[PDB]
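As structure tokens, the structure follows; a few thoughts come after it.
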Number of protein chains: 2
Amino acid sequence: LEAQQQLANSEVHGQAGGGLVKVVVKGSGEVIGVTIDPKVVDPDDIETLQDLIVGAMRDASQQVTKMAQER
Amino acid sequence: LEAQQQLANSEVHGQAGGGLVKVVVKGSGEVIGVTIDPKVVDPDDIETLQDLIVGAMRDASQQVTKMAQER
């Protein structure tokens, strides 16, 4: 199960807002991509955008943990 | 040095672009804040914004590692 530890190299997908912000993160924690929907790229509401990015990171982290709870 | 392991609760600051995107992350990896400068909230260049967020996450991760290399 040092074999299981090398799910550090799994890519996990997180999202907030139903895909308004999507992120790709390695099991290691390394963030490899961020994809932002044009709807939330609005300079009159940066706050919402920021919250969705944090939310999508949280989603991914909780995914990593769910896939890790597999041995 | 299980005492040192509880630098999991340190807050570390990362940035890209000279502050265009700033992030706050716990030593644990948990992202707690993201702050985006209005200049890069431009729907004609989402790509740049995305790259800065990844860049700021990378910065923070490298900070966590630098502070961890302290015992």
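Labels used: A, B, ... for chains in the order of the structure tokens, numbers from 1 for residues in each chain, and numbers from 1 for ligands as shown.
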
**Message:** Neighbouring residues of residue 27 (chain B) were defined as those with any atom within 6 Å, considering only C-alpha atoms; residues of the same chain fewer than 5 positions away were excluded. Please report them as number ranges by chain.
**Reply:** B: 7-10, 64

Keeping N, CA, C and O atoms for every residue in the selection just given, could you write it to a file as a JSON list (two decimals), in the first residue's frame?
```
[["chain", "number", "residue", "atom", "x", "y", "z"],
["B", 7, "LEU", "N", 2.18, 22.73, 12.33],
["B", 7, "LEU", "CA", 2.28, 23.87, 11.34],
["B", 7, "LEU", "C", 1.39, 23.64, 10.06],
["B", 7, "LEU", "O", 1.36, 24.45, 9.10],
["B", 8, "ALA", "N", 0.73, 22.49, 10.04],
["B", 8, "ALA", "CA", -0.52, 22.29, 9.35],
["B", 8, "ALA", "C", -1.48, 23.47, 9.60],
["B", 8, "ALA", "O", -2.25, 23.81, 8.72],
["B", 9, "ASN", "N", -1.47, 24.08, 10.77],
["B", 9, "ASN", "CA", -2.36, 25.22, 11.01],
["B", 9, "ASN", "C", -1.73, 26.61, 10.73],
["B", 9, "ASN", "O", -2.36, 27.61, 11.02],
["B", 10, "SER", "N", -0.50, 26.67, 10.21],
["B", 10, "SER", "CA", 0.07, 27.93, 9.72],
["B", 10, "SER", "C", -0.77, 28.37, 8.45],
["B", 10, "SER", "O", -1.27, 27.52, 7.72],
["B", 64, "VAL", "N", 4.87, 26.77, 1.60],
["B", 64, "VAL", "CA", 4.56, 25.83, 2.65],
["B", 64, "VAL", "C", 5.79, 24.96, 2.84],
["B", 64, "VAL", "O", 6.20, 24.74, 3.97]]
```

**Interface, chain B side, toward chain A (8 Å; only C-alpha atoms) as an MDAnalysis selection string** = chainID B and resid 29:36 38 41:43 46 50:51 53:54 57:58 61

With C-alpha atoms retained, export the selected residues as an mmCIF file, in the first residue's frame.
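Final output, saved to out.cif:
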```
data_model
loop_
_atom_site.group_PDB
_atom_site.id
_atom_site.type_symbol
_atom_site.label_atom_id
_atom_site.label_comp_id
_atom_site.auth_asym_id
_atom_site.auth_seq_id
_atom_site.Cartn_x
_atom_site.Cartn_y
_atom_site.Cartn_z
ATOM 1 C CA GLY B 29 -3.252 22.479 1.901
ATOM 2 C CA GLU B 30 -6.724 23.827 2.613
ATOM 3 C CA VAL B 31 -7.301 26.992 0.502
ATOM 4 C CA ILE B 32 -8.891 29.600 2.661
ATOM 5 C CA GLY B 33 -8.960 32.734 0.547
ATOM 6 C CA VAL B 34 -8.444 33.967 -2.960
ATOM 7 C CA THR B 35 -8.146 37.655 -3.860
ATOM 8 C CA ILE B 36 -8.265 38.697 -7.441
ATOM 9 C CA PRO B 38 -9.899 43.796 -10.978
ATOM 10 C CA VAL B 41 -11.164 40.070 -14.352
ATOM 11 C CA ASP B 42 -11.559 40.437 -18.098
ATOM 12 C CA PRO B 43 -13.834 38.091 -19.993
ATOM 13 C CA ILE B 46 -9.899 34.296 -18.932
ATOM 14 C CA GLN B 50 -6.659 31.039 -14.797
ATOM 15 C CA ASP B 51 -2.885 30.895 -15.192
ATOM 16 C CA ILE B 53 -4.590 31.431 -10.023
ATOM 17 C CA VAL B 54 -2.626 28.286 -10.712
ATOM 18 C CA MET B 57 -1.406 28.251 -5.767
ATOM 19 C CA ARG B 58 2.037 27.096 -6.849
ATOM 20 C CA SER B 61 2.687 25.461 -2.102
#
```

**Fill in**
Between CA of residue 1 (chain A) and CA of residue 71 (chain A) lies a distance of 8.2 Å

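Of note, CA of residue 59 (chain B) and CA of residue 14 (chain B) are spaced 4.9 Å apart.
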
**Message:** Going by DSSP on the backbone, which residues of chain A come out as alpha helix (DSSP H)? List them as a PyMOL selection string.
**Reply:** chain A and resi 2-5+46-68

Residue subset to file, keeping N, CA and C atoms, as a compact mmCIF listing (two decimals), in the first residue's frame:
```txt
# COMPACT_ATOMS: atom_id res chain seq x y z
N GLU A 2 2.14 1.22 -0.23
CA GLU A 2 2.93 2.34 -0.77
C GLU A 2 2.56 2.51 -2.27
N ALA A 3 2.05 1.44 -2.86
CA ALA A 3 1.38 1.47 -4.16
C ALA A 3 0.15 2.40 -4.12
N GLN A 4 -0.69 2.23 -3.09
CA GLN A 4 -1.82 3.12 -2.81
C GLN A 4 -1.38 4.58 -2.57
N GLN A 5 -0.27 4.81 -1.87
CA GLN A 5 0.29 6.17 -1.71
C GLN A 5 0.57 6.86 -3.05
N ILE A 46 -16.41 40.43 -8.09
CA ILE A 46 -15.21 39.56 -7.96
C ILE A 46 -15.42 38.63 -6.82
N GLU A 47 -16.17 39.07 -5.82
CA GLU A 47 -16.35 38.29 -4.59
C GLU A 47 -16.88 36.89 -4.89
N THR A 48 -17.90 36.84 -5.74
CA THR A 48 -18.57 35.60 -6.14
C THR A 48 -17.62 34.64 -6.83
N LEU A 49 -16.84 35.21 -7.73
CA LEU A 49 -15.76 34.46 -8.43
C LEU A 49 -14.77 33.85 -7.43
N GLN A 50 -14.27 34.66 -6.51
CA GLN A 50 -13.37 34.20 -5.50
C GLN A 50 -13.97 33.05 -4.69
N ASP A 51 -15.20 33.25 -4.22
CA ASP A 51 -15.88 32.20 -3.46
C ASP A 51 -16.03 30.86 -4.26
N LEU A 52 -16.32 30.99 -5.55
CA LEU A 52 -16.42 29.77 -6.37
C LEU A 52 -15.10 29.04 -6.56
N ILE A 53 -13.99 29.79 -6.61
CA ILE A 53 -12.70 29.17 -6.72
C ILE A 53 -12.37 28.45 -5.45
N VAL A 54 -12.58 29.08 -4.31
CA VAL A 54 -12.36 28.41 -3.05
C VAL A 54 -13.26 27.16 -2.95
N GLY A 55 -14.53 27.33 -3.28
CA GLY A 55 -15.50 26.24 -3.31
C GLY A 55 -15.07 25.06 -4.19
N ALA A 56 -14.59 25.32 -5.39
CA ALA A 56 -14.11 24.28 -6.29
C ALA A 56 -12.87 23.60 -5.74
N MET A 57 -11.97 24.35 -5.09
CA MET A 57 -10.81 23.75 -4.40
C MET A 57 -11.24 22.85 -3.26
N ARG A 58 -12.25 23.29 -2.53
CA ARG A 58 -12.81 22.46 -1.45
C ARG A 58 -13.42 21.17 -1.94
N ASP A 59 -14.19 21.25 -3.04
CA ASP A 59 -14.74 20.12 -3.71
C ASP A 59 -13.68 19.11 -4.11
N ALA A 60 -12.60 19.58 -4.69
CA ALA A 60 -11.55 18.71 -5.15
C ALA A 60 -10.92 18.05 -3.96
N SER A 61 -10.68 18.81 -2.91
CA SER A 61 -10.02 18.25 -1.73
C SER A 61 -10.87 17.15 -1.12
N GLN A 62 -12.17 17.37 -1.08
CA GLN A 62 -13.08 16.37 -0.56
C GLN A 62 -13.17 15.14 -1.47
N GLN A 63 -13.00 15.32 -2.77
CA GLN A 63 -12.86 14.20 -3.72
C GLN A 63 -11.60 13.37 -3.45
N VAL A 64 -10.48 14.03 -3.21
CA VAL A 64 -9.22 13.36 -3.02
C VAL A 64 -9.38 12.44 -1.83
N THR A 65 -10.01 12.97 -0.78
CA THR A 65 -10.28 12.25 0.45
C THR A 65 -11.24 11.08 0.24
N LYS A 66 -12.30 11.26 -0.56
CA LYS A 66 -13.21 10.17 -0.92
C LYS A 66 -12.49 9.06 -1.71
N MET A 67 -11.63 9.41 -2.68
CA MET A 67 -10.89 8.39 -3.44
C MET A 67 -9.80 7.71 -2.56
N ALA A 68 -9.23 8.46 -1.60
CA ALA A 68 -8.26 7.91 -0.65
C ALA A 68 -8.92 6.91 0.28
```

**Prompt:** Got a sec to tell me which of chain B DSSP assigns to strand (DSSP E), as number ranges by chain?
**Reply:** B: 11-16, 21-26, 31-36

**Item:** Distance of CA of residue 70 (chain A) from CA of residue 6 (chain A), expressed in Å to one decimal place
**Value:** 13.0 Å
